[PDB]
Amino acid sequence: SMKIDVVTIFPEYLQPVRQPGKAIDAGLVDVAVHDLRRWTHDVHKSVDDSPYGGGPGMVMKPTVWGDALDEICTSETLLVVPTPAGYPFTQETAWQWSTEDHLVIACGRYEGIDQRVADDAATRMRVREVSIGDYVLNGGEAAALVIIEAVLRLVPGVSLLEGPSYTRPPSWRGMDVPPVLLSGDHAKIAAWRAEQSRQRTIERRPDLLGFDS
Amino acid sequence: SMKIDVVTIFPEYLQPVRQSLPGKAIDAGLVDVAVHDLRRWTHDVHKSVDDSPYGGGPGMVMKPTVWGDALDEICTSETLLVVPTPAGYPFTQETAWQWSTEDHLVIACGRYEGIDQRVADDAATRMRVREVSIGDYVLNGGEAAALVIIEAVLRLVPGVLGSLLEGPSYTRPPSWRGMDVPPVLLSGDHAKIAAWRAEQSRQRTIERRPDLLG
Ligand SMILES: NC(=O)c1ccc2[nH]ccc2c1
Ligand SMILES: NC(=O)c1ccc2[nH]ccc2c1
């Protein structure tokens with residue numbers, strides 16, 4: 001069983017998590033979404049301020065985050081902070097996190113979260129700053145959705161690129177399913193599929209096989 | 001001015017990003033995101049979208065006749081057809097920049113073990129097709145990848161927003177739970193601040209992303 005808390009200033013953006021939806025329905029995992037502004041005290045509910053040292057944009061204040069995480073996290077929590085400057089989130093990471101009791105995902109907006117939030121949390125719990133890929137999102141919420149989906153499907157009770165797949169009809173718009181796939185010859189099918197995967201990995205992801213680019 | 005059509009068997013997944021678009025950008029006709037239920041193009045009363053894989057194996061494959069009809073209706077010769085797949089080329093910020101100038105993106109969201117390959121192969125004979133992965137992890141389907149792609153692309157579209165890793169950022173208060181903001185940031189020596197940030201970036205990139213440094 002796993003508990004996931006997501007903290008965000010846009011809780012409505014996390015609704016796609018209800019599809020993970022079937023997983024929540026079957027009660028293996030519970031996912032709860034929290035509005036960060038719940039932990040503000042001024043009437044303007046401010047969560048951001050200009051950066052020390054200058055630069056464009058705003059930084060999320062540590063005070064509000066600290067109060068939220070104080071309430072939501074325990075010492076057993078794995079605190080996950082999406083950020084383009086994070087360690088890479090990979091399938092290995094997803095396997096690792098799949099056996100955790102409690103994930104808390106802190107979703108940043110603006111130019112990021114004051115670094116002391118993660119630093120303070122790390123004195124009490126395990127903290128993981130991670131990137132889901134080399135592109136810029138408008139905030140951590142889409143990353144949270146990717147992480148949740150990748151992790152939940154590995155929870156107990158829920159190399160080379162995959163080649164092309166085919167299903168019926170065997171001829172469509174004058175394009176035939178590769179004949180070997182209709183042959184029923186398991187050895188020849190396995191071989192053809194390995195060759196397809198090789199071509200595809202070399203072409204699209206040569207890095208996976210230890211080649212440049 | 002970009003139109004994005006997304007085709008999926010879970011259209012509700014994409015509704016929050018649809019509603020997150022700034023009214024001003026929609027009012028100015030800079031952007032439109034439309035989401036379509038793939039089952040609109042099914043042929044049978046059971047609204048079947050998948051079938052068993054030729055050659056055997058686990059899971060199911062999405063039917064080419066259904067996808068073929070959907071894309072026939074939605075795509076034109078000017079369309080850039082995006083197909084999220086773990087077997088794709090990597091989607092990066094460079095990709096997002098390239099696609100941000102397109103008039104029409106169509107994102108085909110697959111489930112199970114993928115879409116019959118003839119769908120993309122046939123589409124590629126009359127439009128540009130891009131199979132892409134958003135990272136090295138497995139999702140249940142393409143919807144979360146579509147969300148990522150839509151966000152990354154649209155924030156580059158002129159209007160809709162109205163190397164090395166970045167280092168740490170700080171804001172008020174100057175002291176918090178025993179941790180001080182690095183005094184250099186308060187120094188008013190902006191050449192020194194820039195050099196400090198550069199070194200923080202170098203150290204963080206070495207620690208977290210050595211791949212970025214050859
Ligand atoms: N690529 C990422 O993982 C990423 C990019 C931008 C972001 N902004 C807030 C969180 C976040 C994550
Ligand atoms: N990592 C990806 O981009 C990814 C993983 C699994 C998927 N299933 C369907 C589309 C898709 C994309």
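In what follows, chains are A, B, ... by sequence order, proteins preceding strands, each numbered from 1.
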- Message: Give me each pair satisfying side chain to side chain donor-acceptor pair (under 3.5 Å) with a member in residues 51-60 of chain B, each pair once, sequence neighbours excluded.
- Response: A/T167-B/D51, A/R168-B/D51
- Item | chain B contact via A/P178 - which portion, at a heavy-atom distance below 4.5 Å | neither
- Query: Under a 4.5 Å heavy-atom cut-off, does chain B meet the side chain of A/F89, its backbone, both or neither?
  - Reply: both
- Contact origin within A/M60 toward chain B - heavy atom pairs under 4.5 Å: backbone
- Query: Rounded to the nearest 0.5 Å, what separation is found between the CG atom of B/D136 and the CG atom of A/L208?
  - Reply: 6.0 Å
- From the list A/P169, A/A94, A/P62, the residue making the most non-hydrogen contacts under 4.5 Å with chain B is A/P62
- For B/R118, is it the side chain, the backbone, both, or neither that has a heavy atom closer than 4.5 Å to a heavy atom of chain A? both
- Task: Begin with the C-alpha distance, continue with both residues' side-chain angles, and end with the deciding distance and a verdict on side chain to side chain contact (heavy atoms under 4.5 Å, CB included) for B/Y137 and A/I132.
- Result: CA-CA 9 Å; B/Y137 34 75; A/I132 62 156; 3.6 Å; yes
- Query: For atom CD of A/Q96, is the number of surrounding heavy atoms from other residues, nucleotides or ligands below 6.0 Å larger than 12?
  - Reply: yes
- Item | Qualifying residue, where the test is salt bridge (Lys or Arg N to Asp or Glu O under 4.0 Å) with A/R173 and the options are B/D116, B/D121, B/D72 | B/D72
- B/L161 versus chain A, heavy atoms under 4.5 Å apart: side chain, backbone, both or neither? side chain
- Item | Proximity breakdown for B/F10 and chain A, heavy-atom pairs closer than 4.5 Å | side chain
- If you tally heavy-atom pairs under 4.5 Å against chain A, which of B/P174, B/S187, B/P90 wins? B/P174
- Which atom of A/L161 lies closest to which atom of B/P86, heavy atoms considered: CD2-O, 3.8 Å
- Query: Roughly how far apart are B/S133 OG and A/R205 CZ, rounded to 0.5 Å?
  - Reply: 6.0 Å
- Task: Give the C-alpha distance, both sets of side-chain angles, the deciding distance and a yes or no for side chain to side chain contact (heavy atoms under 4.5 Å, CB included) between B/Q200 and A/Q115.
- Result: CA-CA 12 Å; B/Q200 288 294 124; A/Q115 188 63 44; over 6 Å; no
Contacts under 3.5 angstrom, residues 136-145 of chain A side chains, donor-acceptor by atom type, not counting sequence neighbours:
{"unit_1": "A/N138", "atom_1": "OD1", "unit_2": "B/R155", "atom_2": "NE", "d": "3.1"}
{"unit_1": "A/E141", "atom_1": "OE1", "unit_2": "A/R109", "atom_2": "NE", "d": "2.9"}
{"unit_1": "A/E141", "atom_1": "OE1", "unit_2": "A/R109", "atom_2": "NH2", "d": "3.0"}
{"unit_1": "A/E141", "atom_1": "OE2", "unit_2": "A/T8", "atom_2": "OG1", "d": "2.6"}

- Query: Does any heavy atom of chain A fall under 4.5 Å from the side chain of B/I193, the backbone, both, or neither of them?
  - Reply: side chain
- Query: Given that the side chain runs from C-beta out, which part of B/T65 has a heavy atom under 4.5 Å from chain A: side chain, backbone, both or neither?
  - Reply: both
- Note on the structure: Closest heavy-atom pair, A/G54 versus B/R197, reported as atoms and distance to 0.1 Å, is O-NH2, 2.9 Å
- Message: Please rank B/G68, B/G135, B/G114, B/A152 by heavy-atom pairs under 4.5 Å with chain A and give me the top one.
- Response: B/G68
